[PDB]
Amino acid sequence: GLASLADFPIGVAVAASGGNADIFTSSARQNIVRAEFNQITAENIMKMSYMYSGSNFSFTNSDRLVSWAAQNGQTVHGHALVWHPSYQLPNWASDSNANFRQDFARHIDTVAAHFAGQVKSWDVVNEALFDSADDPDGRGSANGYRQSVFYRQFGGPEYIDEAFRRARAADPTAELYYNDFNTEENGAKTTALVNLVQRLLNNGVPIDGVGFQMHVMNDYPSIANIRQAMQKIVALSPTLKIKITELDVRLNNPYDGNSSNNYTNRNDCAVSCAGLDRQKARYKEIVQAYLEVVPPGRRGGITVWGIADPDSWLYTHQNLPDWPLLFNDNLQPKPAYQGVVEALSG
C-alpha cells in the first residue's frame, strides 16, 4: 500500500468515539489502515481533556488505541499536548485557576512520560498562531499569536517554550512538532509562523519539526505558494523536520466569489466529476512539492485526515457536500489515492 512507497511515515487520522468511523468497530477501516498506512494520529481521543476522568488522569481509552497501533503495524503521532479549544481544555486550564502554571507543567510532564516508547512524535503545541477565520471570541492578534488561555496565563508566548522543554525532558525519544493550519497559504500566517519558529530557535527550544495541517481546497492555495511556504520553514534550520499532519482536499471553494463552480448535490461527485480528477492532481502536486523541498532525512511524514469521505470533518462544510479523502463512501480508493501513489513513486 501507500506506506510501502516511502521511507517516512504515511499516516491517517482515526476515529475512536463511536459511530461508523470508529476504528475499533469497523473491520473494513482496520483493514485499510493495516494495508495502506504505517502511522495513526488520534483524530480526537488524545486531545487534552481526554487525558482525565473527573479530576484525575485517565489513559484507558488512549492506551487502547496506542496498543492497537502497535499490534497493527502503526506508529503513533500524538495529537496534542497543548491546544486552545474550550471543548477539550482540562478544567484546570482556566484564567480562574491560581495553580495554572503548575497544572500545565503536570499535564505535559505526565502525558509525555506516560506515552514514552509508545508514541513516536507529538504535536506539542497546536494552533498557537492567530487566525481571523478562527477567533470566535474576537480577542484579536498579539503580533500574530492567538491569545488562548495558555498565552494569557503565561503573559505571552513563553508557554510554547515551556511545553517543548517539558515534553523533551519527559520523553527524550519523541520527535516534537509545532503544528498549525493556513501556514501553507504563504501569506500573513506563514510570516507569523516564521516569527514563531525563529523565536523558538533563538531561545534554544527543543523543537524538532513543524507540522503543516494542509487543509486545502482543489485550487487554493496555489501550489507555488504551498511550496514557498514550506521552503521558508525549511530554510530556518539545517535539521528542522517538516511533517504534513492533516491533509485533506475540498473540491468546493466557498470563498472564491463564484457560486457557479460549486458542487451542490451529493450525487455530483458520486461516480465522476471534474473535481475528483482535479483532486488526484492536487494530492499529487502537494506530495511532490513536499518531496522536492523537504530534504531526505528531514521528512517527518505525510498524514491524511481520515480514511473514508463520510468520516471527514469536511464531508459537509458551509452547508455543502464534499469528498475530501482518499477512499469513498463505499471505502473504494479514489483518483486521489492514485495521485498519492504517483507522487510517492516518482
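So that there is no doubt, residue numbering starts at 1 and follows the sequence shown.
Taking only CA atoms, the mean B-factor in the PDB entry is higher for 59 to 67 than for the other of 280 to 288 and 59 to 67. Looking at 87 to 95 and 268 to 276 together, the entry lists the larger mean B-factor for 268 to 276, computed on C-alpha atoms. In this entry, the residue among 253, 126, 173, 195 with the greatest C-alpha B factor is 173. Reading the B-factor column for the CA atoms of 261, 186, 75, 148 in the entry, the top value corresponds to 261. Residue 47 sits in the lowest third of its chain by CA B factor, as recorded in the PDB entry. Among all modelled residues in its chain, residue 180 ranks in the lowest third by Cα B-factor. The deposited CA B-factor of residue 120 belongs to the middle third of values across its chain.
Annotation for residue 323: C-alpha temperature factor in the lowest third relative to the rest of the modelled chain, per the entry. Among all modelled residues in its chain, residue 141 ranks in the middle third by Cα B-factor.
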